[PDB]
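As structure tokens, one chain now follows by itself in the form deposited without the partner chain.
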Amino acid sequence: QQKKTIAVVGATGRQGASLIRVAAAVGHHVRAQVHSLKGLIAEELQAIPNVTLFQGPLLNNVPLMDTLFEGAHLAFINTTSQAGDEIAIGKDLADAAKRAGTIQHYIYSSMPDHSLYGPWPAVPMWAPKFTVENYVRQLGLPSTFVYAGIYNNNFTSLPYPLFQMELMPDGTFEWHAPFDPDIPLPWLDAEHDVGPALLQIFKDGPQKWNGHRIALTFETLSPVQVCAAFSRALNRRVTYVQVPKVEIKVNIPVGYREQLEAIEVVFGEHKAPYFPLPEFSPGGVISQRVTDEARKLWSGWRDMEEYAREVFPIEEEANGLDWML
């Protein structure tokens, strides 16, 4: 059958870019919204024949949304709080897809509202997405919701918050974070694995996935295990250190700081699960693991050890770091 056109919001982001590259390669035409045509990713995607970019802001720009969905049959939507009004943009996009009438399957990248499952605060950049999910669920078009695990490539030795693989004077690495050293966290190789997984959801179809929540995570590892993966990968001493507060070594926008403080409370103080929804956690009885559906969607997923050994050194050198010589 003719590969269907996919409308994408979040094209230059890790999830969108991953989907777009593989989707185009297998024949899908893509209509993607971007803030601006400039940028390494935007310029890269613009050069893919099957991809068409539409520049402009989404905030209060229903016309751009209508244009985006024109002639599209599939949609992958991942919004951001940066411009603010993420909830309004999410609803506007959903309504726009419905109005188009041609969208057969709408995939929205959602996150949990932790305040619904315990004496925990809602993580500011996550909870809003769940509100959009609830709204999307009530629209007449088939929809599926994917929950992204922590990006393997968040790790960097640059002084950025939460996921810094700090290079010490002796050449060893230390990762400091509020997470409990031994509680398994959900991870994800966004660049390589998000795209293939999303395409399989699209290939499976709306009858199989309408109304479903899928955890896009292929590997769970505690912080100590992540560091052990880097250690084996790099042949260097890498150790995890639990800290009460996130070490914020650089200036960050106010919204991110609030995101980090919520994280300190949720994972630091409370040790709550990353994915707190109940569905995410006798002879022959076998309970579903959080990584089961994702692995079934895409069997060629890559682990943390592969990232640390094969990609981390390149990304680091690309950022100007020198430890890899």
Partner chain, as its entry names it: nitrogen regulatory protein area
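Positions refer to the first chain, counted from 1.
Below: the form deposited with the partner chain bound, not depicted.
Undergrad: Give a yes or no on whether each residue among 140, 279 and 293 has a heavy atom within 4.5 Å of the partner chain in the bound PDB entry.
TA: The answer is no: none of the three residues contacts the partner (heavy atom, 4.5 Å cut-off).
Undergrad: Going by heavy atoms within 4.5 Å, which of 53 to 61, 270 to 278, 22 to 30, 66 to 74 lines up against the partner chain in the bound PDB entry?
TA: Answer to the contact question: 22 to 30.
Undergrad: Going by a heavy atom distance of 4.5 Å, is residue 36 a contact of the partner chain in the bound PDB entry?
TA: Although the partner chain is absent here, residue 36 would stay clear of it in the bound PDB entry, with no heavy atoms inside 4.5 Å.
Undergrad: Looking in the bound PDB entry, any heavy atom of residue 316 within 4.5 Å of the partner chain?
TA: Outside the cut-off, so no.
Undergrad: Does any heavy atom of residue 192 come within 4.5 Å of a heavy atom of the partner chain in the bound PDB entry?
TA: Taking the distances in the bound PDB entry, the answer for residue 192 is yes, it comes within 4.5 Å of the partner chain.
Undergrad: Heavy atom to heavy atom, is residue 258 within 4.5 Å of the partner chain in the bound PDB entry?
TA: Residue 258 lies outside the contact set for the partner chain.
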